[PDB]
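Q: Okay, so here is final34.pdb, and as you'll see once you scroll down, it has PDB, C-alpha atoms.
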```pdb
ATOM      1  CA  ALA U 119     -22.393  15.878  -1.367  1.00  0.00           C
ATOM      2  CA  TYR U 120     -21.856  12.130  -1.281  1.00  0.00           C
ATOM      3  CA  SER U 121     -20.919  10.219  -4.433  1.00  0.00           C
ATOM      4  CA  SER U 122     -20.010   6.550  -3.867  1.00  0.00           C
ATOM      5  CA  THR U 123     -18.028   4.071  -1.774  1.00  0.00           C
ATOM      6  CA  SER U 124     -15.315   1.471  -2.306  1.00  0.00           C
ATOM      7  CA  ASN U 125     -14.918  -2.113  -1.135  1.00  0.00           C
ATOM      8  CA  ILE U 126     -14.630  -2.717   2.603  1.00  0.00           C
ATOM      9  CA  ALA U 127     -11.646  -4.949   3.360  1.00  0.00           C
ATOM     10  CA  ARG U 128     -11.282  -6.673   6.725  1.00  0.00           C
ATOM     11  CA  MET U 129      -7.746  -7.201   7.990  1.00  0.00           C
ATOM     12  CA  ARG U 130      -5.917  -8.908  10.848  1.00  0.00           C
ATOM     13  CA  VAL U 131      -2.688  -7.324  12.083  1.00  0.00           C
ATOM     14  CA  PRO U 132      -0.299  -8.987  14.564  1.00  0.00           C
ATOM     15  CA  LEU U 133       0.605  -7.017  17.678  1.00  0.00           C
ATOM     16  CA  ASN U 134       3.700  -7.693  19.785  1.00  0.00           C
ATOM     17  CA  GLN U 135       3.735 -11.190  18.240  1.00  0.00           C
ATOM     18  CA  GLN U 136       0.926 -12.322  20.552  1.00  0.00           C
ATOM     19  CA  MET U 137      -2.453 -11.246  19.210  1.00  0.00           C
ATOM     20  CA  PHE U 138      -4.255 -10.495  15.951  1.00  0.00           C
ATOM     21  CA  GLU U 139      -6.176  -7.206  15.895  1.00  0.00           C
ATOM     22  CA  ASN U 140      -9.277  -6.739  13.750  1.00  0.00           C
ATOM     23  CA  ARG U 141      -9.343  -3.756  11.386  1.00  0.00           C
ATOM     24  CA  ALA U 142     -10.924  -2.535   8.171  1.00  0.00           C
ATOM     25  CA  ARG U 143     -10.500   0.132   5.522  1.00  0.00           C
ATOM     26  CA  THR U 144     -12.596   1.960   2.943  1.00  0.00           C
ATOM     27  CA  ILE U 145     -12.552   5.029   0.714  1.00  0.00           C
ATOM     28  CA  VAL U 146     -15.578   7.331   0.515  1.00  0.00           C
ATOM     29  CA  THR U 147     -15.789   9.755  -2.409  1.00  0.00           C
ATOM     30  CA  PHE U 148     -17.594  13.093  -2.089  1.00  0.00           C
ATOM     31  CA  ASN U 149     -18.532  15.876  -4.480  1.00  0.00           C
ATOM     32  CA  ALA U 150     -17.713  19.513  -3.774  1.00  0.00           C
ATOM     33  CA  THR U 151     -17.630  22.977  -5.322  1.00  0.00           C
ATOM     34  CA  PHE U 152     -14.935  25.570  -4.627  1.00  0.00           C
ATOM     35  CA  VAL U 153     -15.234  29.331  -5.138  1.00  0.00           C
ATOM     36  CA  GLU U 154     -12.397  31.852  -5.339  1.00  0.00           C
ATOM     37  CA  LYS U 155     -12.230  35.609  -5.845  1.00  0.00           C
ATOM     38  CA  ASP U 156     -10.180  37.476  -8.432  1.00  0.00           C
ATOM     39  CA  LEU U 157      -7.427  39.972  -7.590  1.00  0.00           C
ATOM     40  CA  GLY U 158      -8.779  42.957  -9.533  1.00  0.00           C
ATOM     41  CA  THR U 159     -10.660  44.135 -12.590  1.00  0.00           C
ATOM     42  CA  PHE U 160     -10.049  45.815 -15.920  1.00  0.00           C
ATOM     43  CA  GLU U 161     -11.209  49.320 -16.767  1.00  0.00           C
ATOM     44  CA  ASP U 162     -14.663  49.939 -18.194  1.00  0.00           C
ATOM     45  CA  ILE U 163     -15.356  51.167 -21.713  1.00  0.00           C
ATOM     46  CA  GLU U 164     -16.492  54.755 -21.253  1.00  0.00           C
ATOM     47  CA  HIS U 165     -15.818  56.097 -24.749  1.00  0.00           C
ATOM     48  CA  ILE U 166     -15.641  54.337 -28.110  1.00  0.00           C
ATOM     49  CA  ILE U 167     -14.366  55.919 -31.331  1.00  0.00           C
ATOM     50  CA  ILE U 168     -14.854  54.205 -34.695  1.00  0.00           C
ATOM     51  CA  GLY U 169     -13.408  55.207 -38.062  1.00  0.00           C
ATOM     52  CA  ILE U 170     -15.327  54.404 -41.238  1.00  0.00           C
ATOM     53  CA  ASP U 171     -14.225  54.507 -44.882  1.00  0.00           C
ATOM     54  CA  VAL U 172     -16.753  54.046 -47.697  1.00  0.00           C
ATOM     55  CA  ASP U 173     -15.006  53.299 -50.985  1.00  0.00           C
ATOM     56  CA  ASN U 174     -17.029  54.441 -53.985  1.00  0.00           C
ATOM     57  CA  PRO U 175     -16.353  55.003 -57.697  1.00  0.00           C
ATOM     58  CA  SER U 176     -17.551  58.614 -58.018  1.00  0.00           C
ATOM     59  CA  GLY U 177     -14.606  60.009 -56.049  1.00  0.00           C
TER      60      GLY U 177
ATOM     61  CA  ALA I   4      28.670 -33.007  38.894  1.00  0.00           C
ATOM     62  CA  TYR I   5      27.977 -29.295  39.325  1.00  0.00           C
ATOM     63  CA  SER I   6      28.040 -28.214  42.975  1.00  0.00           C
ATOM     64  CA  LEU I   7      28.370 -24.433  43.276  1.00  0.00           C
ATOM     65  CA  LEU I   8      25.696 -23.645  40.691  1.00  0.00           C
ATOM     66  CA  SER I   9      23.347 -26.119  42.405  1.00  0.00           C
ATOM     67  CA  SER I  10      22.858 -23.643  45.266  1.00  0.00           C
ATOM     68  CA  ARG I  11      21.420 -20.170  45.646  1.00  0.00           C
ATOM     69  CA  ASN I  12      23.686 -17.180  45.082  1.00  0.00           C
ATOM     70  CA  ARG I  13      24.955 -15.083  47.990  1.00  0.00           C
ATOM     71  CA  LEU I  14      26.323 -11.935  46.325  1.00  0.00           C
ATOM     72  CA  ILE I  15      23.844 -10.704  43.696  1.00  0.00           C
ATOM     73  CA  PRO I  16      20.385  -9.776  45.026  1.00  0.00           C
ATOM     74  CA  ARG I  17      17.434 -11.709  43.642  1.00  0.00           C
ATOM     75  CA  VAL I  18      13.699 -11.111  43.897  1.00  0.00           C
ATOM     76  CA  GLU I  19      10.544 -13.177  43.603  1.00  0.00           C
ATOM     77  CA  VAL I  20       7.884 -12.409  41.001  1.00  0.00           C
ATOM     78  CA  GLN I  21       4.243 -13.317  40.554  1.00  0.00           C
ATOM     79  CA  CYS I  22       2.919 -15.406  37.674  1.00  0.00           C
ATOM     80  CA  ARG I  23      -0.260 -17.068  36.470  1.00  0.00           C
ATOM     81  CA  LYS I  24      -1.056 -20.116  34.359  1.00  0.00           C
ATOM     82  CA  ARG I  25      -3.460 -19.868  31.438  1.00  0.00           C
ATOM     83  CA  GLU I  26      -5.948 -22.192  29.731  1.00  0.00           C
ATOM     84  CA  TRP I  27      -8.872 -21.574  27.393  1.00  0.00           C
ATOM     85  CA  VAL I  28     -12.430 -22.834  27.005  1.00  0.00           C
ATOM     86  CA  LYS I  29     -15.330 -22.732  24.545  1.00  0.00           C
ATOM     87  CA  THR I  30     -18.555 -21.061  25.659  1.00  0.00           C
ATOM     88  CA  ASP I  31     -20.958 -20.823  22.717  1.00  0.00           C
ATOM     89  CA  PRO I  32     -23.481 -23.686  22.912  1.00  0.00           C
ATOM     90  CA  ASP I  33     -24.447 -23.870  19.232  1.00  0.00           C
ATOM     91  CA  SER I  34     -21.466 -22.487  17.321  1.00  0.00           C
ATOM     92  CA  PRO I  35     -19.761 -25.350  15.440  1.00  0.00           C
ATOM     93  CA  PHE I  36     -16.298 -23.940  16.047  1.00  0.00           C
ATOM     94  CA  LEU I  37     -13.515 -24.957  18.388  1.00  0.00           C
ATOM     95  CA  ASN I  38     -13.042 -21.253  19.114  1.00  0.00           C
ATOM     96  CA  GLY I  39     -16.573 -20.475  20.215  1.00  0.00           C
ATOM     97  CA  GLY I  40     -16.524 -17.620  22.649  1.00  0.00           C
ATOM     98  CA  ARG I  41     -13.021 -18.184  23.933  1.00  0.00           C
ATOM     99  CA  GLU I  42     -12.296 -17.716  27.627  1.00  0.00           C
ATOM    100  CA  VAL I  43      -9.069 -18.006  29.610  1.00  0.00           C
ATOM    101  CA  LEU I  44      -8.750 -19.539  33.074  1.00  0.00           C
ATOM    102  CA  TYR I  45      -6.008 -18.389  35.442  1.00  0.00           C
ATOM    103  CA  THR I  46      -4.268 -19.961  38.436  1.00  0.00           C
ATOM    104  CA  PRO I  47      -1.726 -17.742  40.206  1.00  0.00           C
ATOM    105  CA  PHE I  48       1.682 -18.685  41.566  1.00  0.00           C
ATOM    106  CA  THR I  49       5.128 -17.227  42.221  1.00  0.00           C
ATOM    107  CA  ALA I  50       8.723 -17.756  41.102  1.00  0.00           C
ATOM    108  CA  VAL I  51      11.268 -18.622  43.776  1.00  0.00           C
ATOM    109  CA  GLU I  52      13.870 -16.025  42.796  1.00  0.00           C
ATOM    110  CA  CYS I  53      14.450 -14.103  39.594  1.00  0.00           C
ATOM    111  CA  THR I  54      16.611 -11.465  37.927  1.00  0.00           C
ATOM    112  CA  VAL I  55      15.208  -8.956  35.421  1.00  0.00           C
ATOM    113  CA  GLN I  56      17.213  -7.100  32.785  1.00  0.00           C
ATOM    114  CA  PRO I  57      16.349  -4.968  29.753  1.00  0.00           C
ATOM    115  CA  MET I  58      17.242  -5.268  26.075  1.00  0.00           C
ATOM    116  CA  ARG I  59      20.819  -4.283  25.347  1.00  0.00           C
ATOM    117  CA  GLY I  60      20.609  -2.540  21.964  1.00  0.00           C
ATOM    118  CA  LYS I  61      18.637   0.392  20.581  1.00  0.00           C
ATOM    119  CA  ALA I  62      17.118  -1.230  17.510  1.00  0.00           C
ATOM    120  CA  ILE I  63      13.980   0.422  16.178  1.00  0.00           C
ATOM    121  CA  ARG I  64      11.794  -2.510  17.216  1.00  0.00           C
ATOM    122  CA  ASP I  65      13.180  -2.453  20.772  1.00  0.00           C
ATOM    123  CA  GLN I  66      12.262   1.171  21.525  1.00  0.00           C
ATOM    124  CA  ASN I  67       9.511   1.724  24.078  1.00  0.00           C
ATOM    125  CA  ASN I  68       7.122   4.180  22.411  1.00  0.00           C
ATOM    126  CA  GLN I  69       6.628   3.676  18.676  1.00  0.00           C
ATOM    127  CA  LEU I  70       5.042   6.015  16.138  1.00  0.00           C
ATOM    128  CA  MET I  71       2.262   4.416  14.102  1.00  0.00           C
ATOM    129  CA  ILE I  72      -0.388   5.927  11.869  1.00  0.00           C
ATOM    130  CA  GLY I  73      -2.818   5.741  14.793  1.00  0.00           C
ATOM    131  CA  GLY I  74      -0.713   6.986  17.686  1.00  0.00           C
ATOM    132  CA  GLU I  75       2.329   6.536  19.881  1.00  0.00           C
ATOM    133  CA  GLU I  76       1.959   2.865  20.755  1.00  0.00           C
ATOM    134  CA  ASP I  77       3.727   1.086  23.603  1.00  0.00           C
ATOM    135  CA  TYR I  78       6.244  -1.758  23.765  1.00  0.00           C
ATOM    136  CA  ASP I  79       8.422  -3.412  26.409  1.00  0.00           C
ATOM    137  CA  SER I  80      10.486  -6.553  26.914  1.00  0.00           C
ATOM    138  CA  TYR I  81      12.930  -8.213  29.294  1.00  0.00           C
ATOM    139  CA  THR I  82      15.356 -11.064  29.870  1.00  0.00           C
ATOM    140  CA  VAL I  83      14.857 -13.079  33.056  1.00  0.00           C
ATOM    141  CA  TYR I  84      16.972 -15.645  34.892  1.00  0.00           C
ATOM    142  CA  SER I  85      15.009 -17.841  37.262  1.00  0.00           C
ATOM    143  CA  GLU I  86      15.028 -21.128  39.143  1.00  0.00           C
ATOM    144  CA  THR I  87      11.342 -21.879  38.528  1.00  0.00           C
ATOM    145  CA  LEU I  88      10.059 -23.842  35.555  1.00  0.00           C
ATOM    146  CA  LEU I  89       7.699 -21.938  33.261  1.00  0.00           C
ATOM    147  CA  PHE I  90       6.081 -23.431  30.174  1.00  0.00           C
ATOM    148  CA  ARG I  91       5.138 -22.134  26.748  1.00  0.00           C
ATOM    149  CA  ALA I  92       2.034 -23.145  24.821  1.00  0.00           C
ATOM    150  CA  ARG I  93       1.628 -26.659  23.453  1.00  0.00           C
ATOM    151  CA  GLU I  94      -0.334 -27.526  20.329  1.00  0.00           C
ATOM    152  CA  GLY I  95      -3.343 -29.794  20.265  1.00  0.00           C
ATOM    153  CA  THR I  96      -4.013 -28.795  23.878  1.00  0.00           C
ATOM    154  CA  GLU I  97      -5.893 -26.198  25.915  1.00  0.00           C
ATOM    155  CA  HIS I  98      -2.814 -24.796  27.692  1.00  0.00           C
ATOM    156  CA  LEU I  99      -1.459 -21.330  26.935  1.00  0.00           C
ATOM    157  CA  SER I 100       1.821 -19.626  27.763  1.00  0.00           C
ATOM    158  CA  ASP I 101       2.559 -18.540  31.318  1.00  0.00           C
ATOM    159  CA  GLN I 102       2.645 -14.844  32.186  1.00  0.00           C
ATOM    160  CA  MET I 103       4.312 -12.857  34.941  1.00  0.00           C
ATOM    161  CA  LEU I 104       3.866  -9.333  36.256  1.00  0.00           C
ATOM    162  CA  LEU I 105       6.734  -6.841  36.082  1.00  0.00           C
ATOM    163  CA  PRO I 106       7.243  -3.060  36.096  1.00  0.00           C
ATOM    164  CA  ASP I 107       7.248  -1.119  32.827  1.00  0.00           C
ATOM    165  CA  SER I 108       8.700   2.108  31.452  1.00  0.00           C
ATOM    166  CA  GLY I 109       5.492   4.059  32.061  1.00  0.00           C
ATOM    167  CA  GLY I 110       5.676   3.579  35.819  1.00  0.00           C
ATOM    168  CA  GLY I 111       2.873   1.013  36.041  1.00  0.00           C
ATOM    169  CA  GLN I 112       2.788  -2.771  36.128  1.00  0.00           C
ATOM    170  CA  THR I 113       1.791  -5.095  33.305  1.00  0.00           C
ATOM    171  CA  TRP I 114       1.851  -8.742  32.307  1.00  0.00           C
ATOM    172  CA  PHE I 115       4.660 -10.238  30.228  1.00  0.00           C
ATOM    173  CA  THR I 116       4.184 -13.402  28.180  1.00  0.00           C
ATOM    174  CA  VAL I 117       6.872 -16.078  27.997  1.00  0.00           C
ATOM    175  CA  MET I 118       8.138 -16.557  24.450  1.00  0.00           C
ATOM    176  CA  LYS I 119      11.473 -18.392  24.681  1.00  0.00           C
ATOM    177  CA  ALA I 120      12.688 -20.764  27.387  1.00  0.00           C
ATOM    178  CA  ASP I 121      16.213 -22.165  27.624  1.00  0.00           C
ATOM    179  CA  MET I 122      17.140 -25.386  29.411  1.00  0.00           C
ATOM    180  CA  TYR I 123      20.265 -27.551  29.762  1.00  0.00           C
ATOM    181  CA  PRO I 124      18.974 -31.105  30.225  1.00  0.00           C
ATOM    182  CA  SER I 125      22.431 -32.690  30.388  1.00  0.00           C
ATOM    183  CA  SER I 126      23.769 -30.479  33.192  1.00  0.00           C
ATOM    184  CA  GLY I 127      21.208 -31.096  35.950  1.00  0.00           C
ATOM    185  CA  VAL I 128      21.195 -27.788  37.825  1.00  0.00           C
ATOM    186  CA  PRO I 129      17.760 -26.072  37.646  1.00  0.00           C
ATOM    187  CA  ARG I 130      18.718 -22.684  36.209  1.00  0.00           C
ATOM    188  CA  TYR I 131      16.716 -21.240  33.327  1.00  0.00           C
ATOM    189  CA  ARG I 132      16.649 -18.171  31.097  1.00  0.00           C
ATOM    190  CA  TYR I 133      13.495 -16.613  29.660  1.00  0.00           C
ATOM    191  CA  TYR I 134      12.646 -13.890  27.150  1.00  0.00           C
ATOM    192  CA  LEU I 135       9.449 -11.917  27.705  1.00  0.00           C
ATOM    193  CA  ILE I 136       7.317  -9.443  25.749  1.00  0.00           C
ATOM    194  CA  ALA I 137       4.771  -7.127  27.347  1.00  0.00           C
ATOM    195  CA  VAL I 138       1.112  -7.828  26.616  1.00  0.00           C
ATOM    196  CA  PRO I 139      -0.538  -5.280  24.290  1.00  0.00           C
ATOM    197  CA  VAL I 140      -2.049  -2.455  26.301  1.00  0.00           C
ATOM    198  CA  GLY I 141      -5.774  -2.938  26.784  1.00  0.00           C
ATOM    199  CA  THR I 142      -5.853  -6.704  26.201  1.00  0.00           C
ATOM    200  CA  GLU I 143      -4.770  -9.991  27.790  1.00  0.00           C
ATOM    201  CA  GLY I 144      -2.630 -11.361  24.971  1.00  0.00           C
ATOM    202  CA  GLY I 145      -3.152 -14.609  23.109  1.00  0.00           C
TER     203      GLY I 145
END
```
Please go through the file and, once you have read it, give me the structure as structure tokens.

A:
Amino acid sequence: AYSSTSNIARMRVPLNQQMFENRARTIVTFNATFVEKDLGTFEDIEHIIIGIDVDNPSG
Amino acid sequence: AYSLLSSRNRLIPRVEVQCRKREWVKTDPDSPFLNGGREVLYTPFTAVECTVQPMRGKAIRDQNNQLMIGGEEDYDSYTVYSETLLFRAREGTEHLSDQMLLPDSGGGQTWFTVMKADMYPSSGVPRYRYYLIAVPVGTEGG
């Protein structure tokens, strides 16, 4: 997408020491969005094991 | 006084070249400027006999095709010995510098604009030396 624009400067440039050539220059700024793809994946979680310890005073 | 140099050579070949005088004029009726829509008026003529030679060095500004950010631009120049009087531009006037048509490095023919003229007022013999630069391609100079 388009964002903004800079100042437009008009210039005169000598050529072969005989003539002045008309020119101009500007900078136009755009927005963009870039997408890239990973090189792999991790393994899934198929099985989960959890250990539990319940501290109590009776034993 | 000089005698031998006051006559045409008989060993080195010489050629004639074509030239054209140049003025300028204002065309816009209402613009308040001296420039207006500038125009140039031409009147052709020829040089009696001339010798053409190229630049002697290889300096970067004397090369024919030059690399610029736009593209391979074009440049040419010469040194000319002649027995005809050619004039440069004069300020506060409507006269421009004389031009003359010579072959170029690309095989075509283009106009060269007089930039430096050498004269020897105290000697008397009418022999001159000129230095010329090719008009920018696609325009008629300035």

Q: Any idea what the distance is between atom CA of residue 11 of chain I and atom CA of residue 127 of chain I?

A: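 Taking atom CA of residue 11 of chain I as the start and atom CA of residue 127 of chain I as the end point, the length is 14.6 Å.
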
Q: For chain U, report every residue with an atom at most 10 Å from chain I (counting all atoms listed in the file), formatted as a PyMOL selection string.

A: chain U and resi 133-138

Q: Please write as a PyMOL selection string the full residue list that the PyMOL selection byres ((chain U and resi 145-161) around 9) yields on this file.

A: chain U and resi 119-126+143-144+162-164

Q: If the PyMOL selection byres ((chain U and resi 130) around 7) is run on the structure shown, which residues does it catch, given as a count of residues only?

A: 7

Q: I'd like the neighbourhood of residue 23 of chain I as a PyMOL selection string, where a residue qualifies if any of its atoms comes within 8 Å (using all atoms listed in the file), though same-chain residues fewer than 2 positions away should be ignored.

A: chain I and resi 21+25+45-49+101-103

Q: For the file shown, report as an mmCIF file with C-alpha atoms, in the frame of the given file the outcome of the PyMOL selection byres ((chain I and resi 28) around 9) at residue level.

A:
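Heads up, here's the output in result_19.cif:
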```cif
data_model
loop_
_atom_site.group_PDB
_atom_site.id
_atom_site.type_symbol
_atom_site.label_atom_id
_atom_site.label_comp_id
_atom_site.auth_asym_id
_atom_site.auth_seq_id
_atom_site.Cartn_x
_atom_site.Cartn_y
_atom_site.Cartn_z
ATOM 1 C CA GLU I 26 -5.948 -22.192 29.731
ATOM 2 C CA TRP I 27 -8.872 -21.574 27.393
ATOM 3 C CA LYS I 29 -15.330 -22.732 24.545
ATOM 4 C CA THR I 30 -18.555 -21.061 25.659
ATOM 5 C CA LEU I 37 -13.515 -24.957 18.388
ATOM 6 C CA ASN I 38 -13.042 -21.253 19.114
ATOM 7 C CA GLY I 39 -16.573 -20.475 20.215
ATOM 8 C CA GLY I 40 -16.524 -17.620 22.649
ATOM 9 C CA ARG I 41 -13.021 -18.184 23.933
ATOM 10 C CA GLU I 42 -12.296 -17.716 27.627
ATOM 11 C CA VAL I 43 -9.069 -18.006 29.610
ATOM 12 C CA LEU I 44 -8.750 -19.539 33.074
ATOM 13 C CA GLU I 97 -5.893 -26.198 25.915
#
```

Q: Measure the distance from atom CA of residue 85 of chain I to atom CA of residue 128 of chain I in Å and round it to one decimal.

A: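 Rounded to one decimal, the two atoms are 11.7 Å apart.
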
Q: For atom CA of residue 10 of chain I and atom CA of residue 88 of chain I, determine how far apart the two atoms are, in Å to one decimal place.

A: 16.1 Å

Q: Could you pull the residues within 8 Å of residue 104 of chain I, counting all atoms listed in the file, minus those fewer than 2 positions along the same chain, as an MDAnalysis selection string?

A: chainID I and resid 20:22 102 106 112:115
